[PDB]
Protein chains: 8
Amino acid sequence: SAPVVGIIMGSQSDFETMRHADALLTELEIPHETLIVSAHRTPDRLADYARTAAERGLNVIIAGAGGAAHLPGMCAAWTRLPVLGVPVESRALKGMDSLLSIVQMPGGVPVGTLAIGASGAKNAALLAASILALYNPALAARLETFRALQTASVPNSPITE
Amino acid sequence: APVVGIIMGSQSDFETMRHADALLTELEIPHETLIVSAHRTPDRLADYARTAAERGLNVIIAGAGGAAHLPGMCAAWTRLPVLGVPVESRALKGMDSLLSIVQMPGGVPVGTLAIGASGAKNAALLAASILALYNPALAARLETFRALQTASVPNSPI
Amino acid sequence: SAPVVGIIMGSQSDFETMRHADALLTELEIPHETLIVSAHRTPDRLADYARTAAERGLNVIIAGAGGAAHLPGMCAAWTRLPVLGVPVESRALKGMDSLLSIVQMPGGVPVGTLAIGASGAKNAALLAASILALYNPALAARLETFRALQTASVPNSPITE
Amino acid sequence: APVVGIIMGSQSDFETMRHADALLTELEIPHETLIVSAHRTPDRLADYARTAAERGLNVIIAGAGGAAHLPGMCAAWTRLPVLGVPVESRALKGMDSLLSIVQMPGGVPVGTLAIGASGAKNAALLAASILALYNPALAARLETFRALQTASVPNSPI
Amino acid sequence: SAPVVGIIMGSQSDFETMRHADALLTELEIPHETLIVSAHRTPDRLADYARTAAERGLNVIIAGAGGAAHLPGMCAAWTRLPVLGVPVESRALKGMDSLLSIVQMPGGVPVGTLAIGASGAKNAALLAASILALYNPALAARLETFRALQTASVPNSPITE
Amino acid sequence: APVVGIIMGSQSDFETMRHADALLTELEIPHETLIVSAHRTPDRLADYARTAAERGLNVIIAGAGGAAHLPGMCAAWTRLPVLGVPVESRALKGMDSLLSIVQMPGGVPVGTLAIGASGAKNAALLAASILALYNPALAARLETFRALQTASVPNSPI
Amino acid sequence: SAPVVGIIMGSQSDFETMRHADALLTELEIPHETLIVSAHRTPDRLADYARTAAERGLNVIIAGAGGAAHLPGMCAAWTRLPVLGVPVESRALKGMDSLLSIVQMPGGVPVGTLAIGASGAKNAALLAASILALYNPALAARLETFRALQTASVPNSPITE
Amino acid sequence: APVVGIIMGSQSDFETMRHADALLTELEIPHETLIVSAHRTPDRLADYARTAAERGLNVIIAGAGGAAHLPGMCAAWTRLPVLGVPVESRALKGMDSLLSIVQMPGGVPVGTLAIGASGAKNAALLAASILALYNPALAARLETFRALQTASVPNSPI
Ligand SMILES: [Cl-]
Ligand SMILES: [Cl-]
Ligand SMILES: [Cl-]
Ligand SMILES: [Cl-]
């Protein structure tokens, strides 16, 4: 059970957001690694991580960062793997800086970007699951089950109290 | 048979989404390029998304502007990876497009790319990266593309 | 007393906002239904709800959603009834994403959009009431009374304490 | 006799609001199209809004740009449904227009449509949807409009 | 001592902000009235207030409002007096809607706009004082004294604790 | 002798501030129209503001773009009412101009007008409203201006 | 040990942010002064401070301000020294007004601008240190040590609890 | 031998960054002007930044648009002062450029200048101010530049 998804983030504070991606991959039984890699404080670690990801058997990278969020884009610069980016909510600008720093990649090097915050982290895991489900029928079935339960769990009317 | 579907809300969107179409062709990825409007052809959208997987599609690239609902509603109906391209709007220059695509609630993802032509090109490349996981010949072509992209950058401005 | 307005929202969390529309329709004695319909998690429910609304006797739909708020627009895609949209305030972007996702409908499919949050929900009910009052003299009188009391309730000067 | 009033703050606004005028005509909805400035003709505005219902108007469509006060002040004076169209401003591209119209406090509503020509067209359609509740012939024409809009969308970009 | 400045606001909730203008005019000994006038709920009151302001001896109007803030602009539509506008901070959009709704008046009808919130209210009073000081030497002296004390009150270095 | 000073940071600002100049002339208000740069001529600015009152100026209208510091720094040095006009900037379309002028901390006010030509025209009118408090002939001309502005608004778009 | 960096700010409230610059210069053993200078309330103090800075032996000025933040720009107008600007987070607009007021200096008079808030203050000190390290080998060594420790302090994986 | 390096992500960026190049030349500061793409030539970037100090560079000026990562990634690899110029982007007019450069977390600074040509010119001037600390001849030329800039401002608009 070698990892097929890598979850990386710039700092421990990012884990409050990125833990939601970690949890969801575990629930879908997707082998993964969850690591801290700082674009700005460990740039050589980042370069090494990204340029060896494919040969290590990783299939998808989920990268989370806030503020001037460069981790997902610089990861994608160094790997042909799909890289998904999660904008971590920032204090002053509430993730608008995080979002624009990740999604506005110029043509040539993509980052598939999800919503600001916890929703984006969960959706990055689900998008990674969708990608892997293309080749893995068991996982495809688990993902379709997840989506069916999601749909069946929506009540018909709200609770008033 | 197409493995990527490129869909967009209107003819005018094609000025942007043609960059995705061109890139898929350059990488020799079989694809279909179609107009599907979330707001004006919602039943067409529902049928398209619902049947995508059984038709053999692997990735959907969806472009729209303004209150851009096409990628999110497509993802609501398929388990396939859906990639969203915010088309530049007249007034708000794609900021409305961008927020209405990227800010999907948890449970139904859309992988969102940059506003405009860059995003369309990158959606095609991201689709290619996804398909390359399973297809060694395509993976080689994608690596060639990235190598040429890197090698072609000049060292000084003219 | 079959419903003539439908209030729909994507989630239970939306009801904290949309309850203000519910309450106001009740105070104006407008028969209505209040339901959860998720654009993203129950898309078939949404399609069915919208395309049968008119034949069921509904006259106005009030739809609330937050973030990438697609519920009001997709409702309007499937019905000729007037659809009013309430942007629910979002955590990071404070409803700016909700607002733009609802109001910026391209030409052909309208959503009449109200303010972000509780004010917008109350005003959606009042706008629905204004629409229905065009054909219902009793309700027209109740609405004019509401507006008169509103005006008469404004004091001449503020309280200092 | 008009059942919809289209009003706008200035002649230049008509480049936008003419799309509402055209649509009402296409659907054969009797209407009046007028200039009423909140800031420059406030008494004209007060009289217009105050007398709208007794004149037989059912819906008011109001377009304005910048610090756009026309729709809100109109709604302050009438119990009729008032629909607001943010006109694209030079500097802020209608973001000022949009916020000054949509963010009405509770008690006095304005149903707000998109910035620019799309919003003007949609205000007319929303007015038509309102009037169709009571008018079977108009409801049929509106359903025809929506059916043609849906059916006319091509399947592939040229 | 008839009022020479009128402070008006849309609601009691606005007074938390506008009280700072009230207090400052009192400290500068400027006779004033402080009233609630709602653009949207008391439009006839507003029209009457603005169109009689000059003949009543008012010289400056300070108007505060939030959200779709129409009070200052509609006041200025009806009076030749200088009208100063204070954007009241709003819940979702933090006064950005208030600010744009007030400052972006088209050419022909001005509103002199101050900062969002308490700072803007204090500055509206000071700007009104500056206007009145043009014709009132006593007040000019009080205002120059205020500004001198303000300047003299700035310490040379911060306190660390 | 001038009773209003119009100042601006650069020649290019005059494309905007000329509208203030024209309006003051139309209302026959004696004024001076000058270039004063906060960033490039800070000593010129300090002397201008410091001496304004003793020179007989009653109002200063200051226009600037980008990180627009001219109105605020002028108000720092004079007790005269200072009115600020955000000049439209190339990239951010005057949003930077607007925030850097209007968001003055308490203690030193700048009465801020709209971004661009509208704001320049309105700064002149606001200056006129201030001066009309003391000058009956000017008050009459201003009332004539407002009456003509109101009366000139057409009733229907062409 | 005469100061070679001046840290200035408009108010005591700014020190909650600017103290981070003060602390960092002390830790890097860079002699500095930390002062309050208000652009709007002490404009003559500001002019004098900036135009004498170079002759006093200062090499870098770090200036912090919020809202309509004019202190860094007006400082740079009066000195040829490099001036670094720190946008202090504002209440309503969360430092967006601070940021734009500082960074958008027209061509001719630069302000090197750092992030909104505490991060920007720490980085202003580090940027000042980088500038001074060009001529000071001891400080260059201390700065390289700071950066090495920073890098070595990043863990490989997050803590889950 | 260059003491300032001007780098930018692409040829199109040079329309902006040429203003920095021109200014350094005007002040006779030896420099190199190069294309280095964070996203397309990340190894070129790493080598450039890592070796900058030992090559004798004192300041790096880096310009980029969109998700602008070039200045921050450069600062990650060098202890030299790095100055960042947000290049105006097509859709968001450099607001994305600006936020992705200025909002660096604590520990790795980038001194950020205005969006566009103004920022490029100011990055060169800020680099000059830094170098003038150590170089009396350059300090004199910079003071001459600032004196001419101040003295050249006209007193009235034409
Ligand atoms: Cl089409
Ligand atoms: Cl007109
Ligand atoms: Cl000039
Ligand atoms: Cl290139």
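The name that the PDB entry assigns to chain B is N5-carboxyaminoimidazole ribonucleotide mutase, with the source organism given as Acetobacter aceti 1023.

Per the PDB entry, chain A goes by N5-carboxyaminoimidazole ribonucleotide mutase and derives from Acetobacter aceti 1023.

At a minimum axis distance of 9 Å, the contact between helix α4 (residues 96–103) of chain A and helix α4 (residues 95–102) of chain H shows a crossing angle of 110 degrees. Put simply, α4(A) runs roughly perpendicular to α4(H). For the pair α4(A) and α4(H), the contacting residues are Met96(A), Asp97(A), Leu100(A) and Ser101(A) in the first and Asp96(H), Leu99(H) and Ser100(H) in the second. Taken together, the residues that form the contact of α4(A) with α4(H) break down as three nonpolar, two polar and two charged.

Before going further, it helps to examine helix α2 (residues 43–52) of chain C. When we look at burial in α2(C), the residues that qualify are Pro43(C), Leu46(C), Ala47(C), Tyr49(C), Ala50(C) and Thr52(C). Against the buried residues of α2(C) lie α3 (70–77) of chain B together with β1 (5–9), β2 (32–36), β3 (60–66) and α3 (71–78) of chain C.

Residues and elements named next belong to chain F. Residue position: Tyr48 is located in helix α2 (residues 42–52). As a C-alpha pair, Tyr48 and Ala114 span 66 residues in sequence and 24 Å in three-dimensional space. If we ignore the near neighbours within four places in the chain, the residues touching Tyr48 are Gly5, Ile7, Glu32, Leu34, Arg55, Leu57 and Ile60.

Opposite the 42 residues of chain A that make contact, chain B presents 42 residues. A combined buried area of about 3300 Å² lies between chain A and chain B, and 60% of that area is made up of carbon and sulfur atoms. Among the residues of chain A in contact with chain B, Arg80(A), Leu134(A) and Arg147(A) are the three that bury the most area, contributing 22% of the side total. Linking chain A with chain B are two salt bridges, by the criterion used here. A salt bridge links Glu144(A) to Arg79(B), with the shortest nitrogen-to-oxygen separation between them at 2.7 Å. Seen at the junction of chain A and chain B, the total is 27 residue pairs in polar contact. Looking at the side of chain A that touches chain B, the elements with two or more residues in it are α3 (71–78), α4, β5 (112–113), α5 (118–132) and α6 (137–152) of chain A.

Moving on, we get to the side chain of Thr113(E). Checked against the element boundaries, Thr113(E) lands in strand β5 (residues 112–113). Of note is the side chain of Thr113(E), whose polar atom sits 3.2 Å from the backbone oxygen of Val111(E). With residues near it in sequence (within four places) discarded, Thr113(E) still touches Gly85(E), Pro87(E), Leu99(E), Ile102(E), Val103(E), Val102(F), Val110(F), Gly111(F) and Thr112(F).

Let us look at the interface of chain C and chain D. Taken together, the contact pairs 42 residues of chain C with 42 residues of chain D. Regarding the contact of chain C and chain D, the summed buried area is about 3300 Å², with carbon and sulfur atoms giving 60% of it. Seen at the junction of chain C and chain D, the total is two salt bridges. The tally of links between chain C and chain D comes to 27 residue pairs in polar contact. Going through the elements one at a time, α3, α4 (96–103), β5 (112–113), α5 (118–132) and α6 (137–152) of chain C are the ones with two or more residues in the side of chain C that touches chain D.

What counts as what
Residues numbered from 1 in each chain as written, not as in the entry; some residues may be left out. Chains lettered and ligands numbered in written order. Heavy atoms only, no water. Axes fitted to C-alpha atoms, helices over the stretch in contact; angles between N-to-C directions. Helix = DSSP H or I, 4+ residues; strand = E, 2+ residues; numbered from the N terminus. Parallel < 35°, antiparallel > 145°, perpendicular 65-115°, else oblique. Contact = heavy atoms within 4.5 Å. Nonpolar A, V, L, I, M, F, W, Y, C, P; charged D, E, K, R; others polar. Buried < 20%, exposed > 50% of the residue type's maximum accessible area, 1.4 Å probe, protein only. Buried area = accessible area lost by both parts, 1.4 Å probe. Salt bridge = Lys/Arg side-chain N within 4 Å of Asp/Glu carboxyl O. Polar contact = N/O pair within 3.5 Å; in protein donor to acceptor, adjacent residues only side chain to side chain.

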